[PDB]
Structure formats: C-alpha cells, structure tokens
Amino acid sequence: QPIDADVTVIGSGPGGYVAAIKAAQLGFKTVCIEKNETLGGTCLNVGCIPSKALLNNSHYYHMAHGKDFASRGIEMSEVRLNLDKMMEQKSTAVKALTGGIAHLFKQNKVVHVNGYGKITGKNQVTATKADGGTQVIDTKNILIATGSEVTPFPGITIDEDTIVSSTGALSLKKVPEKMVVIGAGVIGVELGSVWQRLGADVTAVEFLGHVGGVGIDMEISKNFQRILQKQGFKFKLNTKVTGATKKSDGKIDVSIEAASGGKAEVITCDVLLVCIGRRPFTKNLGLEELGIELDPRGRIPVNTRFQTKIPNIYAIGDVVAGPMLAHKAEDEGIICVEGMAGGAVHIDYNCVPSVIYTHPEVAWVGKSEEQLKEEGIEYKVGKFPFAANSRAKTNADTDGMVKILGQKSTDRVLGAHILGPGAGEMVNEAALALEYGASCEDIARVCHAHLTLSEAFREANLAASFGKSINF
C-alpha cells in the first residue's frame, strides 16, 4: 500500500482542494487527504453553500408572500412555505458541489485518500481509515489545510437539536416560534435573517457595540442594523450571556446581562443558535512531535511563503492567521503551491473583500474610516445613495448607499463600503481597483453600463473626487 507523492495536502476544503488541483496542474504528483464523508470542507458542506441557498430561497419566499409581487402585477391566492422542499433544494446544491470536487480531482489525476491524516515524519503522512485500516504516503512536501471548527461557548453544550450551532441551524426541520442568536457576526446575521423571513421571531445578543463583525465600517454597521430592525430582526447589543439551560418543558432560558455590568435578564426561546466565532482546527495533527508550536489562538505560525518552521511543511487557509473566508483560503492555496514550484509569493489582505449576503447585502474591501483614523491617514469621503441609482429605482429596491474613502492628496482609493442591492458583485470591481492602486477619478471616468447597480459605485467615486455626483 505505499504511495509516493511530491505534495500531500491534508484537508479538502477551499484552501485544500484548490491547492491540490493547482499543484497537479504545476506538474507535481499530488495526494489529498480528507477525513469526512465528502470533499469540500466547511464551505461546501456546512458553510457558504447551504447558507447562501437558504438566504436566496427565503428571500424569494418573502417576495411572493409579501407585498412586492402584488405591486408588479403577479397575483397569487396564497403562498405557503414547504420547508422540506426548500431544504432539499439546499441539499441538491450541496450535493452537486461536493460531488464536483471528486470529479475535478479525477480530471486532474489527483489522488484522493480517505482517512484521518497524521504526519509521522518529515517526508511521511499516514492516513488511518474508519475500520482501523492504514495508508502511508512518502512525500517531499506537506501542505496543512485542516481548516477550522465551531467555537464552543464555555458552559453551554450544543446538542444540535434545540441549542444549535451553524451546522444544525442550517437543517432545522421546522420553523421556530422564537429564536436567539449568540453573536451578531456575519454568520449569525445571515442565519437569523433566513429564519426571520420564514416566520420566526429572532433576537440577536452581541457583546460588542455593532453588528457585522470586525472590519466593518461603523456607519455602514449602524445603517445595516437600522434596516434589519425595520425587517423585524431584534438586537440586544452591549449585553453578555452568562448561561443557558434547557428547561423540562422544552424551552431554553438564556441569561443575559449588560456587558459593562447590570441589567440582568433572562430570555426564553425555542431554538438557540450559538455562533460567536470559529477557531483553527489542529486536533490530532501531532504538531508537538514535529516541533511546530501553535500561537495563543491555535493558529500555525507561518512565513510569507506559507512555510512552517520545517521548510517542507506548509499551512494555509483557516488554520493559519488572517480573515477566515473561503476566497482567502483559496488564494493562499494557489500561491503557496506556486511558491513551492519556485514562483513568487505575495498577498495583500487589505485587498480581501468581505460580503454579507442578507437583503440588503453588505460588502467592503480595504480600510474603514475607523482604521484610517487610527493610522492617522488624511482622507475624503464620497457617498451615493441607491435611491438615486436608476436600476434600484426601476426595481423599487433602494435601501442603502455606496461609501468611498479616498486619499486626501493623491485621490487614491483606500476603501469601498457598499450597503444595498448587488454589494457582493460590486465589491469585486473595488478589489480590482485597489490591486492597481487606482484613484477615485479613475473609476469615475470609466464608462459604466447604464442601468447597472455599479453606477452607484461610479458616482460615489465621482463625489469623492470632484466633490459632487451627477444624479444626487
């Protein structure tokens, strides 16, 4: 059973499976190790894919069940939710995407190994199967892509039945009457918005003073919060959770308090969602025997070439430092594999966008106003509301705005922050501009197609550069 490889990838997540494919394309004999039943890691199985599927489906449910479709001349007697059918469509997307990775591995002649991976030597990886079966691989370089896992709340045991994490919250069998989310981060706000649309009464409790996680612009966060409240999403900010106990009748009691201290309360809910964070996963990887020490938060220290302390062992994705996003792990996998083949390795995390797929969407890349103030950077602001964008008005969906942050002297774009329709696609134009160091005037002078949401992005850059836009 011995196999020999040039590169051995542990984990089949976005970082792991993309890194594996690129290595084969570079000419390396490549092996990939996955312990779970399917390829694709967190994002495809319990992450991006199922959550975005329910966000899109719940959004169309809201459009038909509400007043939107009636205003367009689409008349329906009565709209019913079929949660089982909605969940199967989610499952059909997960199944096609997880299955696609195996087909991509086969097309590129990438060897798939089923089992739990352990690095037993400098040039050796051993995969153990479920039955006790064993697989040893002799390889020159190792790439660690073991990813992340849920962060447990100390003193709450998640049973994935009525006190749930992101995984269980994605597969609820019926709509809860009242739901509590622990943490108003990107994950909590998306999942809470799904169940809010489907009929649940959702309240979010957050220790910090804002929604959307770290890196989000504060003005964007407050406006995003006001819009969600108008939808029915409730928030208890600057409040801490002390404990949660499931009562005998079936209702969970969550004890909350003001984060600073005081204002004690207990809230009861049918379903409790705990998503306060994620953390790198290195359990049973045996780093100690290799001498690879973890940082205080559990990450593998790595250098700019994504080498660990041992030159032939690398680490990428959520298991190393940086923002825990799928496209971030996908890029580290590509360049790390390119670096192994002698190529250059460079990545700018300031050019990494973040997207929240609620409705309205939120997206941003680069620096926020708070970051610029802390660094002492002199900047100017350009804003353009979606109420003045022709596509948004024609659609009758005009929440939010585009905010551009530009250098005061050079007019260079330092940050783009979008709240409203089409934020996700729009931030990609912003990332391309930041990669090139483009100015606000540059974007203002590029001819944007009439009746696109991206015209708001152009006009906001015009307001930051010229001082005024045309349509507002």
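All residue numbers are counted from 1 along the displayed sequence.
Asks: Can you let me know which of the two, 51 to 59 or 37 to 45, has the higher average C-alpha B-factor in the entry?
Replies: Looking at the recorded C-alpha B-factors, 37 to 45 comes out higher on average.
Asks: Name the higher of the two by mean Cα B-factor in the PDB entry, 185 to 193 versus 130 to 138.
Replies: It is 130 to 138.
Asks: Determine which member of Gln371, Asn114, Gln89, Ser71 has the highest CA B-factor, using the values in the deposited entry.
Replies: Within the set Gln371, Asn114, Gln89, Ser71, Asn114 shows the top C-alpha B-factor.
Asks: Among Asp318, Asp399, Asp201, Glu361, where is the Cα temperature factor highest, going by the PDB entry?
Replies: Each of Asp318, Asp399, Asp201, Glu361 was compared by C-alpha B-factor; the highest is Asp201.
Asks: Among the modelled residues of this chain, does the Cα B factor of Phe386 put it in the lowest, middle or highest third?
Replies: For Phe386, whose C-alpha B-factor we compare with every modelled residue in the chain, the answer is the lowest third.
Asks: Sort the modelled residues of this chain by their C-alpha B factor and say whether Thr268 lands in the lowest, middle or highest third.
Replies: For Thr268, whose C-alpha B-factor we compare with every modelled residue in the chain, the answer is the highest third.
Asks: Select lowest, middle or highest to describe the third in which the CA B-factor of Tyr357 falls within its chain in this entry.
Replies: Within its chain, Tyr357 is a lowest-third residue by C-alpha B-factor, going by the deposited values.
Asks: For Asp217, return the chain-relative third of its C-alpha B-factor as stated in the PDB record: lowest, middle or highest.
Replies: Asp217: CA B-factor falls in the lowest third of its chain.
Asks: Looking at the temperature factor on the CA atom of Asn108, which third of the chain's modelled residues does it land in?
Replies: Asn108: CA B-factor falls in the middle third of its chain.
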